[PDB]
Each structure stands twice: as structure tokens, then as C-alpha cells.
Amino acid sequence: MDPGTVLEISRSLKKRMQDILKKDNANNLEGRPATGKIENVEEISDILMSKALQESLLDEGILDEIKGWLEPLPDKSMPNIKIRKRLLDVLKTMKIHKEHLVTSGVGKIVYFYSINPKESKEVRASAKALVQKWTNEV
């Protein structure tokens, strides 16, 4: 495996996450269902969890995109619970350094999940565990 090809793969996934989020948010703005993150989260999560790509994905700022997928939609509603659960599980597996957290600010959305009274017991627990992990580490 060629590290130029790894980088291509990482940048490709970053663009794909960006494009899906944009289309979801535009649909939401126009009062239409968002379905793109829902349709693609399981496949994209499998790639985000590739051990061979993780250093590169983090290097290429992928936490920006993960954060966006977790953030409220333009109408202030939260993304579908399937995304919430799955991306928290992805983040748990990543060797995330202090610097990645600082530049992405993914900690802020994850912390909100950890204190959101309307969140499911299970997702809120996962978000609490990630906050604790990222505190423990930092």
C-alpha cells in the first residue's frame, strides 16, 4: 500500500462526509427529509474505523466532519439517533490527541450530548464516557 494512495482515500472520505452533510442541511433548510447521513453512516463508519487509515484521517482533520455530522441541523433538531450512536462509537476507537480536539472542537458537541436531557440513556452514557476519556487523556 502506497502512502500517497492512503492520503487520497482519506481526503476522498472527508469530501464525501462534507458533501453528504451539505445536502442534508440544504434539504432540512428547504423543509425536506435529510436522508444522506442515515443512508451512508454505516459504510462511512467502517472506513473511519480502518486501522490503516486512522492516523491519516485524523491528520486530514476528519474530526471537523464528524463534528458537523453530530451537530444540530439548521432547524435546531438533532441528527437521527442511528448517526448519534454510531459516530460516538467511532470516536471512542480513535487515538485522538489533545491537538486534534483543540483544532476541531468536536469536544463541544460531544459534551452537549453528555448533558442533553432529551438524549437516550445509552447515547448520553457513551458521550459521558468519551468526555471522561478525553479528559483522562488530556
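Start at 1 with the first residue shown and count on from there.
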{"query": "49 to 57 versus 102 to 110 - which carries the larger mean C-alpha B factor in the record", "finding": "49 to 57"}
{"query": "Residue range whose averaged C-alpha B-factor is higher in the record, 93 to 101 or 40 to 48", "finding": "93 to 101"}
{"query": "Residue, from 74, 68, 33, 79, that the PDB entry assigns the highest Cα B-factor", "finding": "33"}
{"query": "Record-listed C-alpha B factor of residue 124: chain third", "finding": "middle"}
{"query": "Lowest, middle or highest third - CA B-factor, residue 118", "finding": "highest"}
{"query": "Chain-wide C-alpha B factor ranking for residue 6, given as lowest, middle or highest third", "finding": "lowest"}
{"query": "Within-chain third of residue 26 by Cα B-factor, per the entry", "finding": "middle"}
